[PDB]
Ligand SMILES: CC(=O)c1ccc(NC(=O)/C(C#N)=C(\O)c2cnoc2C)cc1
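Next up: a single chain in structure tokens, the form deposited without this ligand.
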């Protein structure tokens, strides 16, 4: 029931101070690294993009892990869609700081990532910060702070052009946040992160995700007063915690390894579109609202369909990305939990 769910939310608050303190340590290192990348020629125009769960106020665990995005203003970008992926692109240009990374027409993510890593390792050595390494094109590089906090740093090109055609039917917020807001948001830049699908880049809208979370009501004053305290953020925190707790019960074989907080977040945005009124997220209806989120996530698993919220034809749950057996496995676990009032949350 809602009492059990409220107890979960109270438990998550116990970790708030550890996360904030660690976030401050990350900021100290990031600020130091950023001011020295301004010295390196290739990345002089780098800037901090304050995206990610901490800045969305929904980081509820893992105080030793942070995702940080650096942006790099890149004038005059023309994109070329890679195959028919809708989310992956080659970067071209209509001097140029990134001129040294061009192979013919195409901007090489491999060459640019290589310099980025090398330049960061050079600046890092010049206090108790070093560079770890993991799997994936983005994050580009990883810092280890005080031999304790791991910061995944993503480099993202910033394009101040209009969003790609593949986003034309995405961001379906008109009945919730308004058509006015949708137009305003689409005048904002978009980002490209280096990401294998080759020298491909993937669209990123983490800045818009943060805006939609921190200004999330139909009412402009949602969550600015006691009469309009909704449970949207609480529901996202509970969905994230549900997935984290289920993953913890398979640390051995990591059967749920393919599922991520980003899947949860994407599904949550879809539920906001489906339930656009603030009265559909009343604080007193926490249990029902959480049920709405869990049942939609279940539907995504069973139908093997979870559309990227900005790029509808990019299906995060296609069997190409996540095998059917893994989705059926998570379906069985979540179904059991839901039908039993979430014993995973029992104390």
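Positions refer to the first chain, counted from 1. Superpose the two forms; the largest set of C-alphas matching within 1.5 Å is the rigid core.
There is another form of the same protein, the form solved in complex with this ligand; it is not shown, and what comes next is about it.
- prompt: With a 4.5 Å heavy atom cut-off, would you call residue 202 a contact of this ligand in the bound PDB entry?
  reply: Yes.
message: Please tell me whether any heavy atom belonging to residue 67 falls inside 4.5 Å of a heavy atom of this ligand, as the geometry stands in the bound PDB entry.
response: The answer is yes: residue 67 has a heavy atom within 4.5 Å of this ligand.
- request: With heavy atoms only and a cut-off of 4.5 Å, decide whether residue 51 touches this ligand in the bound PDB entry.
  value: Output for residue 51 is yes: heavy atoms within 4.5 Å of this ligand.
- prompt: How about residue 206: is it within 4.5 Å of this ligand in the bound PDB entry, going by heavy atoms?
  reply: Yes - in the bound PDB entry, heavy atoms of residue 206 and this ligand come within 4.5 Å of each other.
- prompt: From the list 77, 193, 72, 98, which entry has a heavy atom within 4.5 Å of this ligand in the bound PDB entry?
  reply: Of the listed residues, the single hit is 193.
query: Which pick from 170, 164, 217, 139 sits with a heavy atom within 4.5 Å of this ligand in the bound PDB entry?
result: Residue within 4.5 Å of the partner: 139.
message: After superposing on the rigid core, which residue out of 75, 137, 189, 276 has its C-alpha displaced by 2 Å or more between this form and the one not shown?
response: Single hit from the list, 137.
task: Examine residue 64 after superposing the rigid core and state whether its CA is displaced by 2 Å or more between this form and the one not shown.
output: True for residue 64: a C-alpha shift of 2 Å or more.
query: Can a Cα shift of no less than 2 Å be assigned to residue 149 between this form and the one not shown, given superposition on the rigid core?
result: Passes the 2 Å threshold, so yes.
- prompt: So with the core overlaid, does the Cα of residue 21 end up 2 Å or more away between this form and the one not shown?
  reply: True for residue 21: a C-alpha shift of 2 Å or more.
message: Since the Cα-Cα distance for residue 268 and residue 140 shifts by 3 angstroms or more in the bound PDB entry, is it a contraction (closer) or an expansion (farther)?
response: Relative to the displayed form, residue 268 and residue 140 draw closer in the bound PDB entry - a change of at least 3 Å between their C-alphas.
Distance trend in the bound PDB entry - C-alpha atoms of residue 243 and residue 15, change of 3 Å or more: Farther is correct, given that in the bound PDB entry the C-alpha spacing of residue 15 to residue 243 is increased by at least 3 Å.
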